[PDB]
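So the chains spell out like this:
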Amino acid sequence: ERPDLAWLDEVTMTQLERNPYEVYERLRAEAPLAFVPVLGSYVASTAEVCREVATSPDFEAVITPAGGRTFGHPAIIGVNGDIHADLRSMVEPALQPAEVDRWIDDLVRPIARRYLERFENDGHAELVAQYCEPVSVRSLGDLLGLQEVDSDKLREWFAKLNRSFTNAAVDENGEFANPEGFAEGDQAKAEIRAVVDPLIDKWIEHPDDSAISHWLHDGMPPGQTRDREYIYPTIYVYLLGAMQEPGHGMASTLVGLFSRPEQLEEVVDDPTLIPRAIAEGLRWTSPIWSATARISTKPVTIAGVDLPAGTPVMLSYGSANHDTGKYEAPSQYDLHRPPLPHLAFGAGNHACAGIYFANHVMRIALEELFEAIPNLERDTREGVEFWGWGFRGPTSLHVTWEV
Ligand code: HEM
Ligand SMILES: COc1ccccc1O
């Protein structure tokens, strides 16, 4: 209904999945808060608007429509008040920095070595499938208590959940355009239940050091546990983004480094630059690109738009992280950018709970990769395609090295 934005009626879901940055460049200039018809929602595209909405007292969390169809209730990302406080209290212990520092090295480093050992003498690899994804999922899976679930299965689950969660397209009547696209998310959930229900049965009676056992038991009266239906949606939140994103982020960081060969060389020579390299990678291609949202709780005016109460706004943090109000030439990867604030972990009460853990997973993985293969090069015969609007990352990363 905004006349000057009639061009947005012609934006497609496929276009946004393939490459959302041209449309979002226009949005940041034309309408930092804009209703995108194919998404069925207002979208926040700039750093100022995303930060304002994420931190405003007049907004609260809401799950996106496709996210809710995928995860149900109470997903930690979609709830507020006492339920959110309890779910944050449940997930935070293992994520506390002092706690992560106690065990993160002995968790991730042997995992990274195990996956490297499989290919480090080959002279070629596709790092998304052979390294970045397995290390990310094996690390978190072991932390959670899912040691027995193979990395290939954790990877399949996150991919199916991604596609269902981001199945956001709506038709001319505001109805989901592709209802069949939720079926694979439902199938993943059914598989997850079949594996995890017996584990929860065991943990209720026999608590252990796994994170999910602690989710059941922590803070509960004697002999009581949180109901499994109450915790499953947050398990699904983990089995999508927490499993997927460290792998996404380390792979994007590698693509960015390969794009600046002098910078790759600096980081291989001086691995203390790895954290900076990662932070720039997350800004450059944000793993959680436009997955979350907030909803107004009263009438508000944001970026000149008067919103009624009850209005959802999607937080396109991956666009915010290319805001030219903040960054020069944001589509260029540059290790030597000054260490400015970014929105790849969101903001406010619903900001990422796992930042410290995620940063260490990616750091340790990259350290081990460069120690193992110091002469790592991108295989320039192959293209790198990035995919995703809700969650974004490279679909492959072919590399080569002299053996
Ligand atoms: C590089 C990897 C990661 C990125 C880029 C990422 C980014 C994000 C973003 C953007 C959000 C939404 C914040 C908002 O709406 O303002 C989020 C939420 C979340 N993150 Fe992460 N994160 C990643 C890894 C993880 C990991 C590994 C875990 C768990 C161990 C995790 C746990 C969560 C939780 C629990 C939430 C929901 C917080 C809430 O709604 O209260 N994160 N993260
Ligand atoms: C940490 O996992 C998520 C974050 C935001 C949206 C969906 C997720 O699975």
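Residues numbered from 1 in each chain as written, not as in the entry; some residues may be left out. Chains lettered and ligands numbered in written order. Heavy atoms only, no water. Residues with missing side-chain atoms left out of burial classes, pairs and counts.

This deposited entry lists X-ray crystallography as its structure determination method and 1.44 Å as its resolution.

Per the PDB entry, the protein chain goes by the name Cytochrome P450 and belongs to Amycolatopsis sp. ATCC 39116.

With that settled, consider the coordination of the iron atom of ligand 1. Of the protein atoms, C352 (SG) alone serves as a donor to the iron atom of ligand 1, at 2.4 Å. On the secondary structure map, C352 appears in the loop between α14 (317–320) and α15 (355–372). (Donors = N, O, S within 2.8 Å, 3.2 Å for Na, K, Ca; no water. Helix = DSSP H or I, 4+ residues; strand = E, 2+ residues; numbered from the N terminus.)

Turning next to the sheet that holds strand β9 (residues 377–378). Pairing within the open sheet is antiparallel, and its three strands lie in the order β4-β12-β9. Bordering the open sheet on either side are β4 (124–126) and β9, each of which pairs with just one other strand. Direction of pairing for β4 relative to strand β12 (residues 398–400): antiparallel, over a ladder of three bridges. Paired with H124 across the bridge in β12 is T400. On top of the sheet, helix α7 (residues 127–144) reaches β4 and β12; it is set at about 65° to β4, its chief contact. (Pairing = 2+ DSSP bridges. Contact = heavy atoms within 4.5 Å. Axes fitted to C-alpha atoms, helices over the stretch in contact; angles between N-to-C directions.)

In strand β5 (residues 293–296), alternate side chains face the same way, and those of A293 and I295 on one face and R294 and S296 on the other are all buried. Pairing analysis gives three bridges linking β5 to strand β8 (residues 312–315), with the strands arranged antiparallel. Within the sheet, the bridge partner assigned to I295 lies in β8 and is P312. (Buried < 20%, exposed > 50% of the residue type's maximum accessible area, 1.4 Å probe, protein only.)

Direction of pairing for strand β2 (residues 41–44) relative to β8: parallel, over a ladder of three bridges. Following the sheet pairing, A44 is matched in β8 by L315.

Here the focus is the site of ligand 1. Surveying the vicinity of ligand 1 reveals 27 residues, the closest of which are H84, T292, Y317, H350 and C352. One of the side-chain N or O atoms of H84 is found 2.7 Å from an oxygen atom in ligand 1. Contacts to ligand 1 include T292, whose side-chain N or O atom sits 2.7 Å from an oxygen atom. For the shell around ligand 1, the element with the most residues is helix α11 (residues 228–259), which contributes four residues. By residue class, the composition of the shell around ligand 1 is 18 nonpolar, six polar and three charged. (Near = heavy atom within 4 Å. Polar contact = N/O pair within 3.5 Å; in protein donor to acceptor, adjacent residues only side chain to side chain. Nonpolar A, V, L, I, M, F, W, Y, C, P; charged D, E, K, R; others polar.)

Quick look at unusual backbone geometry now. For the bond running from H73 to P74, omega is 0°, close enough to zero to count as cis. With respect to the secondary-structure elements, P74 resides in the loop between α4 (65–71) and α5 (81–95). Its identity as a non-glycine residue notwithstanding, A303 has a phi of 45°, on the positive side. Counting through the fold element by element, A303 comes out in the loop between β6 (300–302) and β7 (305–307).

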